[PDB]
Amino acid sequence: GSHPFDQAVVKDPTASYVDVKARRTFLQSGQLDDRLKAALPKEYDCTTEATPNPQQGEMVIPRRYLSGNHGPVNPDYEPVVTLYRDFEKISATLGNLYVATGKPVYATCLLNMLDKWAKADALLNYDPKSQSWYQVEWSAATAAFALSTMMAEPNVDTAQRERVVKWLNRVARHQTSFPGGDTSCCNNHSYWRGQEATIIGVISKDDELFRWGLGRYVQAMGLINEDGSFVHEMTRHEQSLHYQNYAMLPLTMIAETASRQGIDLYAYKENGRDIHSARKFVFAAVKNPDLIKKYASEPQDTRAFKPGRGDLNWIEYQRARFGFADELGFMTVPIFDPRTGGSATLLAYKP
């Protein structure tokens, strides 16, 4: 690819994106404050519950509107996207339960679900020019994050785990083989493809994929403005602040994942700008929305900046590592986001 980390190697395929053993221990012995307590997943008998089935044949995400970008809604849209969002929610929940309890039963449930999708060759047949391309990057990563926490679990069908891992590896290699257009080549989608390749590169011990993934993080650092804003996200009008925050989600996971492999991505800078510059801009723009006026004149949609929104999951990981202050008071209720490993409060928050 040609970047400072084009020779990086996958050191340990079972390292995951957090220290599972150590975190489980803290959750089982330590004294959890009210916030952490509220984040504990509720146990359930997953062995007798069926999960979403994969679409058969070609993967097609219907258009949201019968025609154009607005107006009459397409009734086929809701049922199809829900199928994927349920798949992602269940995958992340089982991953989080396995971390918190350590019970092999949750790993068995996850594998049974994923084996169903692998056998059907899901997330592989689609038009790369359609919405399906984006749906794949989110769903493959979500399942990969959950599975990465149980790569060292001995009490599970090992042949089944191998089949699933090969499947995810195929899914990621195919999805990232497409370049994307003038924006999707290099905006937050590039970073989502980045976290997908990184976590799957690690569990499938595929150094080439792992390297390609780290390369998206590098690409992003060079697309940061003097004030910490992302070049491509500041072109989204009333959604500019939303996308600035959104891009922080996958970039944070690539860095957290790389860190468990002995690589310090967070320390990587380009022209006096790094990921911290981006974090500081998000916090400053939420306090003073006038800063966005240099890029867009429209009033900003701030739906993502409410306590409890999954969009804030990246703050739990970064705060746990760097210890900066919660300036905006966002970290009150627990946060859960399937696409960035489930509950960051459960997996990283340390009172």
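Numbers follow the displayed sequence, beginning with 1.
For the pair 171-179 and 214-222, the mean Cα B-factor is higher in 171-179. When 20-28 is weighed against 332-340, 20-28 comes out higher, by mean CA B-factor as recorded in the entry. The residue among 89, 119, 236, 276 whose C-alpha carries the highest B-factor in the deposited model is 119.
Out of 318, 51, 69, 302, it is 69 whose C-alpha atom has the highest B-factor in the PDB entry. Among the modelled residues of its chain, residue 282 has a C-alpha B-factor that falls in the lowest third according to the deposited record. Among all modelled residues in its chain, residue 190 ranks in the lowest third by Cα B-factor. Residue 291 sits in the highest third of its chain by CA B factor, as recorded in the PDB entry. The deposited CA B-factor of residue 77 belongs to the highest third of values across its chain. Per-chain ranking of the deposited C-alpha B factor places residue 256 in the lowest third.
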